[PDB]
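Structure 1 and structure 2 below are the same protein chain in two forms, each given by itself as structure tokens.
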Structure 1
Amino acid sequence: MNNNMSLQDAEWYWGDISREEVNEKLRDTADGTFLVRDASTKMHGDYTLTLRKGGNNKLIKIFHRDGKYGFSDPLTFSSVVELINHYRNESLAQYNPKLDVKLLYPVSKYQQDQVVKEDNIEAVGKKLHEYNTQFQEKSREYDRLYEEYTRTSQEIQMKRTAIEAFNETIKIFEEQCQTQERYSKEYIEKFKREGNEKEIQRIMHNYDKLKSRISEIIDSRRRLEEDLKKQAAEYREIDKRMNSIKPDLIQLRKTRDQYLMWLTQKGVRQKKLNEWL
């Protein structure tokens, strides 16, 4: 039943697609996930098998000589479908004991059939146009949020060092309180006895202005702290919104792409696709 089916009809056969496309199909997939593509025209071999093993993509080339297929001489399989179907039922330890895994999970080119069976070329090429505009609308939504995100992160950074600069300043003006306090416990004592209230007056006026200045700078720093908290909250809030957009974005792109492949089979005029975009 299985082995008589043509390679061209086989689900895990994708023909001439690039290693890159293969890479996106295989990313973050479980062990035993696989598909077959045409080999690159510059190397020997007819097809490349790519499977998941231990977080990596394994490329195993399938050769042909005189009606026979295989990974190495001797070539002992009658067809590619046969070879694959063998290893879907037997561990690749047989070929390489270092590679203990079987070909468990195919990657169907009729997988788009699950998310779309909708048939009319133009019923699909219109849904595509709809999913696409839904996608670019969210794209811009997320981009605008990203420029707020960066602008806010920087202004927070500015504010933070300003807080540190306020603290150094307050530190100094309070060391100037010590400089003033210390330089007076005697030079005012001597006008206390003798009662030179004349001059004591305007030292107090000066000391007060020092206290007054300290007080206003502590206000400023205090006001900056409330602005810091305000903006930090704006930042975290921004980060939350982006995190709600992110999943919808990938799916929208994933869905749009699936519909792009389905329209790539059925070979839609690539100038039509452009008008649908």
Structure 2
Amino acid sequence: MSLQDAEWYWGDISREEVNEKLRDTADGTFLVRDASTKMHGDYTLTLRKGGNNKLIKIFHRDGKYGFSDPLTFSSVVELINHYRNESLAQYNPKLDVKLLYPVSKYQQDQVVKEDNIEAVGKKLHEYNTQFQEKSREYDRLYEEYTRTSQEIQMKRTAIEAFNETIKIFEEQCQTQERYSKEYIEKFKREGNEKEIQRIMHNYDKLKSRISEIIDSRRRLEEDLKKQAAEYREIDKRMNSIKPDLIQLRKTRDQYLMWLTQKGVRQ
């Protein structure tokens, strides 16, 4: 039995902390904490069921504990012991689940591996420095991620504009070919050869302008080809730093919490 020695029991932990401990856990995952009313006389069993965290109040009267009247159990442990081996479907349907998987403060402390308070503060100062450096690395890399993503969108838009421009200039060729075909014939018999040279000079002028616009798009396409590859590598370094940055912050917060709990209070 024993009281307050329960691995599944925790003191002033917040529901937000229980959520992080029950996030993505399987059905049956549970833990008990003091009620958020902070009255210190009531507790709250948090159970994982169907992807949700169910809050189950543990009412207390006289010396009896239970989920609802009548309250029969003598220790809050005895209430957890009972349902750790039996199902909660009897207390309420839509449960069909027992208190099978328990979040334990033993594996909670498994992070802080220091004994003397000086070692925890010395280690906390190490992880803090590492975390700030890793965060500044992530924030700068995220700025390149956003700028590269924005510039890629601009290039894709300008490439669309090049496509529409080249279409119009190519329409100008087909329009000139239609109108010239019978007018270069009218000048051939009338011996206006110099006028034909004028039409041919403007056509070369048109094809030369088109050839420039096609090359400007081709240079922007290979630019987009490089920058889309730079974005892909930035994206990978993001997904590599992200998970390590999370656990580095979690390790930091665990050492800071140890220091508060081992220090003087209230």
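Whichever C-alpha set is largest while still superposing within 1.5 Å between the two forms counts as the rigid core. Numbers follow structure 1, counted from its first residue as 1.
Only one of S40, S220, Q231, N57 has its C-alpha shifted by 2 Å or more between structures 1 and 2 once the core is superposed, and that residue is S40. The rigid-core alignment places the CA of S153 less than 2 Å apart between structures 1 and 2. Core-superposed comparison between structures 1 and 2: the CA of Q114 exceeds or equals a 2 Å shift.
Relative to the superposed core, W262 moves its CA by 2.4 Å between structures 1 and 2.
The two forms, fitted on their core, place the C-alpha of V124 1.2 Å apart, compared between structures 1 and 2. Core superposition places the Cα of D73 0.7 Å apart between structures 1 and 2.
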